[PDB]
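[1] Here's my sequence, what's the structure:
(6 chains, ligands or ions: 4)
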Amino acid sequence: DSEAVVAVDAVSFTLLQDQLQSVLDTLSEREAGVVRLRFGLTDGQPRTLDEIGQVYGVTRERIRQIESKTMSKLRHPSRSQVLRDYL
Amino acid sequence: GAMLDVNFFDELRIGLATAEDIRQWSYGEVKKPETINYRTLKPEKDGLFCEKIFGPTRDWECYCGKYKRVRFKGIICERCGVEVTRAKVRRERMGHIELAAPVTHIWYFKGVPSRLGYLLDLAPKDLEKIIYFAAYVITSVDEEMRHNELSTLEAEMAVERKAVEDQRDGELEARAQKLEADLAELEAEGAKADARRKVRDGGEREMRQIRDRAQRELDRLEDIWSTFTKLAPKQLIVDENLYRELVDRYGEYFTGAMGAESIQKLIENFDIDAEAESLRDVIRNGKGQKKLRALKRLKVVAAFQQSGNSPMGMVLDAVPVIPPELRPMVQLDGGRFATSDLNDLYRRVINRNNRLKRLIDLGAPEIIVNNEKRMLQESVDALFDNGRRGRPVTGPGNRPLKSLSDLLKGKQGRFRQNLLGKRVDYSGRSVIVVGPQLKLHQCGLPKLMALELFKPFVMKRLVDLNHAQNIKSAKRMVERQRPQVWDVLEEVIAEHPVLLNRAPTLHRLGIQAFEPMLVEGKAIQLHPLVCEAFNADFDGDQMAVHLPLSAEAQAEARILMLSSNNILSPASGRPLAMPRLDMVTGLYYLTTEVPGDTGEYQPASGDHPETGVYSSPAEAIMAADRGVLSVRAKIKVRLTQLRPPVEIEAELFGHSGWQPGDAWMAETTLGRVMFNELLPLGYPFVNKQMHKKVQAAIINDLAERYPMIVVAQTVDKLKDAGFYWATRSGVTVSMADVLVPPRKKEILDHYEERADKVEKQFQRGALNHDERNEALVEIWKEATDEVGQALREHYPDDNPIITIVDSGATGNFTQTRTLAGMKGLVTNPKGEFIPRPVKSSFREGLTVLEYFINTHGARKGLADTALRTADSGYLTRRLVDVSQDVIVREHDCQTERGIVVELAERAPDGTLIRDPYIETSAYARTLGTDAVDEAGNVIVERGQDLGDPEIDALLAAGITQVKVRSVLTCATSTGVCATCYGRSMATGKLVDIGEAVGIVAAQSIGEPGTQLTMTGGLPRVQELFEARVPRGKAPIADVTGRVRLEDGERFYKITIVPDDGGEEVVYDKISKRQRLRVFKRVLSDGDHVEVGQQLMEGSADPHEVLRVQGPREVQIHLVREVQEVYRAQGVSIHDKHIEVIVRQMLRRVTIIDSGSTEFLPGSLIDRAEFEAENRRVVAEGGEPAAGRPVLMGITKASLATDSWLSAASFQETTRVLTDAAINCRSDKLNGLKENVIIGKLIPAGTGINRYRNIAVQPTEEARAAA
Amino acid sequence: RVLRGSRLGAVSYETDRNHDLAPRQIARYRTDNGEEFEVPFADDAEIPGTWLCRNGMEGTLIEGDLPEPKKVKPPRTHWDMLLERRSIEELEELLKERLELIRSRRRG
Amino acid sequence: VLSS
DNA sequence: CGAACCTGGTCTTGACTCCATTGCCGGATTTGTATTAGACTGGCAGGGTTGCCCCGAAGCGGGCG
DNA sequence: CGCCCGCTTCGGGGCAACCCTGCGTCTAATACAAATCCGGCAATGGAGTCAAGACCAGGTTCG
Ligand SMILES: C/C=C/C/C=C(\C)[C@H](O)CC/C(C)=C/C=C(C)/C(O)=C1/C(=O)C=C([C@H](C)CC/C=C/NC(=O)OC)OC1=O
Ligand SMILES: [Mg+2]
Ligand SMILES: [Zn+2]
Ligand SMILES: [Zn+2]
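    Numbers count the residues shown, from 1 in each chain, chains lettered A, B, ... in the order given. Ligands and ions are numbered 1, 2, ... in the order given. The protein structure is shown below:
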């Protein structure tokens, strides 16, 4: 069955989720909340920029600013040596 | 019902499934035989993969795609129409097919007997015409209307017949006047009178044509009238033309249908209670074969009555559709598709259904519609059990489509074939190689293989270490095999036992659990002492490494299945870690005594001192390192570290010379000293020649008196010393050591003179062909004996070819006789001896003809070995079927009965000669009574083990009977108790309380069968357990007295002279090819016989001996008669295994008189449940059903178990399963074959609740500390 | 050598959140032979009037709409096939011929 | 299946 | 201890800019159905092997004359 | 004393189960309809996105 679980991939994916939660929670509260609500990592649905703004009461520009700042932040070899082997 | 399938199965009930349930499972009528849209490759609506019914093909995704996340689950897109949910509901859900005309499930029609045939009481070959639309059947009739109106109706029949007569005599008058005008034209003018009479004869022929037409019309009218008079349900109006002429007349007085709907109408108009009461009446009263058929119908009738079923479910109204995943349509890479071969059957049924539907809606003539309903019937029949009736439906290549009846995984057909299982993971095989440096509890193992078994373990252990950041890198690292992975692999392999199968797994030691230790190469290095258990030489045989995973699994593999804990065979308690082929020779050479050898004890003073004594084995070994002492020269050491023999111990020390640091002098070899250093300290000195029998005895003594962990270490030490001294033995086979007997020529010439004179006498005609053959055969047997004698007396005693054989290491003397000397006689391919015969030993080389004659015997041997190893498996499978549910369940039943064992019958001169076969019947048992001596003191009391010391005590006290418990008389209802089972042959202690002793007995009986060389062989054993009547049947007596013998024409004439007496038992039709029993001397007329003495030679069938002499004698006969075979082939099987088997044979009783207690006469039921029924029925009025013991063979016993879940996997899965359905027989899941199938933990070993629910908490004192 | 297949369906693997689910109504439909079947539809969705219920036959919504029962004619009758190839006068001719035929044959 |  | 200035950002406005994303409409292709008018009118699976079980003959001995 | 008449045994037949002595194309399309699709824009309207600034409000610099 080429459409079955490789069975190391599943546990690897679980570990991915766990280290991902770790690394995201290495940051502030608003940063993690923005990332999760943006990439559906808690409810499975990408919540758009304006919805993230309304759940924070700020502008779309505030949301994109925060997400872009966090994005530049995550892209470190520091924050990335742990992750990079998951792809 | 608990459909969600989680850990809770108290029962698993079957039952015939009515349409009201079949259309209740289903999630939507599939009504288009469409599989997949050829191009988009999505399921078609209403097709056999319809997502709307069976489910979504994509996790949480509708068909139109308007929903694609878990947030939308449990809901159904109102446009596409699919329950958005997980994509494995295509594995669970089912669909149905609303048929247009009902159908008969083929399992209830074509089976033999046909359950429809019984429940309707119809001839099956007249039921087939009914359901397959070949012949009508009257389904209902209005008896009262045909009764009352019959006056007028026969009135109109009479009027119609008289109209017949009016047309008849109208024709008669017409032809009469025509032929009379013919005579008036004949005589009115002159001509040849013969022409006028030809005219008369033609007129008369046409008038007899008229009377013939009238006779035929009258015949047809009478046929129709008689049929209408005798009209009643369940009649077959064959040829349909009587029916055609019939129906128009009196159609309103009855109803006649055709096909499955007609059967449905019958079963509707059918009272089961009234029918069953009719059958009860008939069985109560009617004698003869009628009672047999009435019982056979009463079976299914009471089945439907008693249960809450209804026979209406037999005619199938709506077919169900297996879930789509269990009949997938997968595509191999590259566009090809692979269907499941059920899709074609379903397409056939759906197409024929839709066509029938459109034909009916259209309005079609009766012929076409009947043809269509017949096609529908055949299609559903092919769907269920293919090619049951008819020619199986085929595809390409003329391979019959594989229908549902064949997809059942176990599905034993008439003959019991192997299961072959599941293909576990965490596995692997390889070739093995002997590992003589290992300890007993170890296994070589290729690191390149261990690194693949343990890969998850090592991944974890080297992610814990900081060698890899994640799991993923560690997986890839193992894939690359970076260097430190090996050092991790060692730590993961520490203390983690692995198993080692070896197919074929004949008996319980095929699997053992070792400690894996890494090894170079790619061969699983096996320890050499376990090859006798695995039956594994190193000719290329391959083993399989499974792996235990769970904590409990490791515990089992460590404590139960370890190697060093399994020394003794479970079959007969002999040891199998025992030394063999090499090491036996090694120790034999090490311990023998060579007089006249180097530096012996040569005591002669006056010219010098003794010069034989050595101050200790230390100095002795120093000497032997120098060239002074040989290892085997008889010497006189002064030991201080080996407990001396019994005699010298008692002499010098008295109490107990506690060995430890004493002193004493024993004259032996140094070799025996080094040997007895191998054995433990406390063990006495040996001082013998370590023959193989002696080593077996020594290891038995050890294993029965010491702990297992010492027996294992001593076996390992004996192994090491055995090899090391095997090498120094010098057992080599140079052709200058195959010494030919120097006087072979003269011996051969003598016997050739004898056989030559025999042949010349044949040429004289004095003796016929067969006579000369037998004479020559006997002469050459005599010659072979003489040659073997001369040969054995010619070889010195240290000849390698004879050292090996005498030491018991390997090979019997016949093989040395064939090396040097004579091959003797060679078998014909038929079985007879060749009168040639072979006269050259293989050292001499044969001639062409000699070798060609030898080839006969060789190839016959190999072929019979193949067939024999194939049949032994058959026997073993039957036995595991019979006794899978005989597990120890109580420490003691506390009965008082139990058989009595011979135990060294008295001698005539007056002595206790030990019975030969005591070690298997007497050893390892628990006494029922108390052995008393001299009619005095008690020598051995109730409930001891009867090992060596107490058996010896009884042979000393001089008593030769001991009533000992045995599974034949263990009273526990649910299998045996323990103490009645006695010692388990494997441990040496009392059998624990989960041992699946049934399976152990079956295995131990069917294991050595492959060695059963051979009625006198394996077929004898098999027909014994089956309990057929043997071919060489010899009648047994029925009362004592001298015999009424007679030798009639061409065979004997035997009769019994009773002593009461009475009706003398007459045995007339005997065969001259049978003989009288020579017993007590040969039988003759007028010989006083016993009660059940065997008259003729051969084998008394166990049925007759049962009927004669109770169950006791039949048990004692079966055990002894199987042991006769297994001894004849030189094999040990402790009797308790055979007893555990036979105890299954004798479970049931026949019901000759039901009394009035819910029992079918001539049927079979359990003795315990029979007793329970009578215990109940003695209250509420007595009608004690007359019961008799039945000795029923293993197969019929197995098939009539209680658990249909098990009983269906044995033989005729379909037949057993269908009538298990008709009974609606709930299973309770107490056996082993059930729990093993449904994944539930087995009720045995460590599955029982006594061990499975243990609580374990640190003792309070240790809890206080830490 | 390996040969792999694949069912024609993907395998999405989220977690089975049992709490946050889109709310959904229930519409009880009735078939013709007095069968009640229930269907969880999404909330914002026009509950369709008819439905091919689990039972296999047609299924109507429990309420009363009847926008159109059938609104469709039979496909073609044997009457159709006959009429389109003959004239009514000819059919009447053959009918009255059969009438005369049965008359003269039975009652003279 | 029947639980109990 | 204070005035002057830099600098973390923290958002917020306005300001735009591009992609999807319905929705229509218009033609392509795809899929289903109806129609063909000289006469034509019952095929080949298939067969062999095996082993087990049901019904009829036939002693045949009692019930009978 | 001879004789019938079902009871009982074995044979033969008969059949269910199994396996290999098993394992080619068929006119031709036309005509019409309805459905389903794909192809290009017009609607967008939403979703992203720059630049500037205004909140400041907490460091660092010179007085
Ligand atoms: C659901 C059951 C219905 C009745 C059973 C039927 C119709 C089967 O036809 C017979 C039972 C059976 C066979 C099923 C096989 C299945 C489910 C399957 O696929 C296997 C399989 O093929 C082999 C095994 C085990 C390895 C069999 C081990 C038997 C041990 N017996 C024993 O311990 O001696 C007392 O398990 C399975 O689940
Ligand atoms: Mg081998
Ligand atoms: Zn959908
Ligand atoms: Zn007991």
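[2] helix/strand/coil for residue B:351?
    helix (DSSP: H, G, I helix; E, B strand; the rest coil).
[3] In this structure it contacts residue B:34, no?
    No - with contact defined as C-beta atoms under 8 Å, residue B:351 does not reach residue B:34; the gap is 10.7 Å. In short, each C-beta sits where N, CA and C put it, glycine included.
[4] contacts for the longest helix anywhere in chain C?
    The residue-count maximum for a helix in chain C (DSSP state H) belongs to helix C:88-106. Residues from elsewhere that reach helix C:88-106 (C-beta atoms under 8 Å, 6 or more residues apart in numbering or on different chains): C:82, C:83.
[5] so does it get close to DNA strand E?
    No - against DNA strand E, helix C:88-106 shows no contacts by C-beta under 7 Å from any atom of the strand, the least distance being 14.4 Å.
[6] Mind jotting down where the helices sit in the chain?
    As the question left the chain open, I've gone with chain A. A:9-24, A:29-39, A:49-56, A:60-74.
[7] Sorry, I should have been clearer: chain C.
    Going by DSSP H, chain C shows helices at C:78-83, C:88-106.
[8] Let me have those in CSV, adding mean neighbour count and distance to ligand 3 as columns.
    What follows is the helices of chain C, written out as CSV (neighbours: other C-beta atoms under 10 Å in any protein chain shown; distance: least, C-beta to the ion, whole Å):
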stretch, mean neighbour count, distance to ligand 3
helix C:78-83, 10, 39
helix C:88-106, 10, 52
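[9] now the ones you listed as a markdown table including distance to residue B:1005?
    Below are the helices of chain C laid out as a markdown table (distance: least, C-beta to C-beta, whole Å):
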| stretch | distance to residue B:1005 |
| --- | --- |
| helix C:78-83 | 77 |
| helix C:88-106 | 88 |
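[10] what's the closest of those helices to DNA strand F?
    Among the helices of chain C, helix C:78-83 comes nearest to DNA strand F, with 16.0 Å by C-beta to the nearest atom of the strand.
[11] tally of neighbours for the residue in chain C positioned nearest to DNA strand F?
    With C-beta to the nearest atom of the strand, the shortest gap between chain C and DNA strand F falls at residue C:72, namely 11.1 Å. Neighbour count for residue C:72, taken as other C-beta atoms under 10 Å in any protein chain shown: 7.
[12] Tell me which residues touch residue 35, please.
    All of this refers to chain A. A:24, A:41, A:67, A:70.
[13] Let me rephrase: I mean chain B.
    B:43, B:44, B:47, B:48, B:49, B:329, B:339, B:343, B:347.
[14] ranking the helices of chain A by burial, who's on top?
    Compared across those, helix A:29-39 shows the largest average neighbour count, a mean of 18 (mean count of other C-beta atoms under 10 Å in any protein chain shown).
[15] Can you give me the separation between residue B:1194 and ligand 2?
    Residue B:1194 sits 31 Å away from ligand 2, going by C-beta to the ion, to the nearest Å.
[16] Please apply the same query to residue B:832.
    In this view, residue B:832 and ligand 2 are 32 Å apart by C-beta to the ion.
[17] what's stretch A:45-62 in contact with?
    So stretch A:45-62 is in contact with A:30, A:33, A:34, A:37, A:38, A:39, A:40, A:63, A:64, A:67, B:69, B:71, going by C-beta under 8 Å, 6+ apart.
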